[PDB]
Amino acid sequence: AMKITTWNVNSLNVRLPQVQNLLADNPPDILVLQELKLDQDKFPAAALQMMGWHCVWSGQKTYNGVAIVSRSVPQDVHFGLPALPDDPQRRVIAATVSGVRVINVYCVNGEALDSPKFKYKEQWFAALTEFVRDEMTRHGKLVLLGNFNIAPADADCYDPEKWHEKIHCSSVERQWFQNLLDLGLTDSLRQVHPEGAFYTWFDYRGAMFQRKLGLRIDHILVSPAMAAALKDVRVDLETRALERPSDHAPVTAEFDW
């Protein structure tokens, strides 16, 4: 049995109490975090060490930042993407935990299809695909998860017409998501729930979470051996309902052997 959760916390300093409650109540075996918004030396290591968790992270000031938090020691820690060696943005960290290769991603948002950040998103996803492909040659059990900033299909967008060829939802971005699936990865939530709206992000503005209008952009992609053991996938909207919340909801997958 193994339980893994991914959560885009949007500032770990603000959300640390809620991270700690996730780790105390029905804890996962592994928790991965995105958008830490704290530098490498500002990570709350001692507070999570006190509770019995190992932590590896890659941080920077103000933006981005990723961490992996586990009961087991995370081994063979890799930082960033080999095909993009000079990118200073801290968006990828990988480790092997209990025989499972975990690749935690805070994928580029892109801002808008005509933004320069959209070309960056394109290049970055190209580099991610090459890295994942190489990692998959060595690890039969592999999980690629985090904030992809891509809603894969119309059922992952509350208003397909208004988001037509817009950021997160464009046919170009969806092809990049498909490029990752084509390596042999399964969209774990859609294996357990082929139908229905399972949004993971709701805009802070316009009370979108109360309206329950959001996108499914946080995913857990699994290798075949992990899909064969997949038991359930759930979006934790209760964490999203808390006071001063992250705009993303945690997503957890459970496997059995």
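Position 1 is the first residue in the sequence shown; the rest follow in order.
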item	value
Between the two ranges 23 to 31 and 46 to 54, the one averaging a larger CA B factor in the entry	23 to 31
Per the entry, higher mean C-alpha B factor between 187 to 195 and 65 to 73	187 to 195
Most elevated Cα B-factor in the entry, residues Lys166, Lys119, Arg91, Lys141	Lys141
Relative C-alpha B-factor of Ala228, binned into the chain's lowest, middle or highest third	highest
Third assignment of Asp41 from its chain's C-alpha B-factors	highest
Ranked against its chain, the third holding the CA B-factor of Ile150	middle
Within-chain third of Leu242 by Cα B-factor, per the entry	highest
Assigned third (lowest, middle, highest) for the C-alpha B factor of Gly80	lowest
